[PDB]
């Protein structure tokens, strides 16, 4: 029984901050961003485009009426939640008109949780092969003005439809996760922006990659040469490049070294324009890879390294399905160029806007550019979402 990713949708916000503009405002060498981080631009979200609206937009990209009839589980992976009790998935379920007899909930573990969502989705469909599962990985990476992380901000959501006989990627059962209790990045309840030790996080990302991959190879009798591409979590592309270099070695034959490198470069193309999207970043890289590699074919295997701060890592794999290109888009870079560039001044005002509640819990918002769904208002503490 083949189970996996049938369709992948992606939505980002409608605004962009160009890194050269941020560099100019902050007195930074623009090459720190273009070469140091390997970032060109970041998506910026207004207050009316949040985890829920981005998630619903990404699903709207891919779902058919038949999907909506057969989906019986909706999982939102996020670290950008807008309620402490109500899962953002419930809103997505509603906004998309999915059939009522579904379970809907959120998963949380920094940038890692969509990997667990996908795994549960896969097992659920295997048990109930007539069903489909919608996994959303939606986040707004917001670090704060003047912080080291300001340059690794971003916004977006990946939607993945999981079902039997998938048209893109068959998911396999050989997985390995690792948990280690650390404080590289975290976000207490009283702050909209995380605390982060960037250098320590990089070191831990690389050590969990090294140790998890070593153990994976041992348990499952595989090596680098079994794969046509390796995808990494993508908070910024330089970190993923460090990961790639960390696990690669020169015992790989030269032709495969070249292929893996070209595929790595394909995988970071979108992230260079979008920035960090937390839970969705690994999967955005997968999408970028599939839409930009010139060498991937049916039957090629892909290895994926998921990381979340705090920290949890997992390696898993999949095999490409004949016809996968039919499910992809060719003009995504063109669509990203449509985003409205913001001055640093306007980015500061828009990205860091917070709701101004009256004593009854009402808040109103200016109309900003969004995708198909928007936060319209807050009405007596209820976030009101609708189609635009």
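Positions refer to the first chain, counted from 1.
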Higher of the two mean Cα B-factors (195 to 203, 105 to 113; per PDB record) comes from 195 to 203
Stretch with higher mean Cα temperature factor, 354 to 362 vs 40 to 48, is 354 to 362
Check the PDB entry and point out which of 120, 216, 232, 278 has the largest C-alpha temperature factor. 216
Highest CA B factor of 83, 139, 221, 72, as deposited, is found at 221
Relative to the other modelled residues of the same chain, rank the CA B-factor of residue 127 and answer lowest, middle or highest third. highest
Pull the Cα B-factor of residue 134 out of the PDB entry and bin it into the chain's lowest, middle or highest third. lowest
Of the three thirds of Cα B-factor ranks in this chain, residue 26 occupies the highest
Sort the modelled residues of this chain by their C-alpha B factor and say whether residue 15 lands in the lowest, middle or highest third. lowest
Please rank the C-alpha B-factors of the chain's modelled residues and tell me whether residue 187 sits in the lowest, middle or highest third. lowest
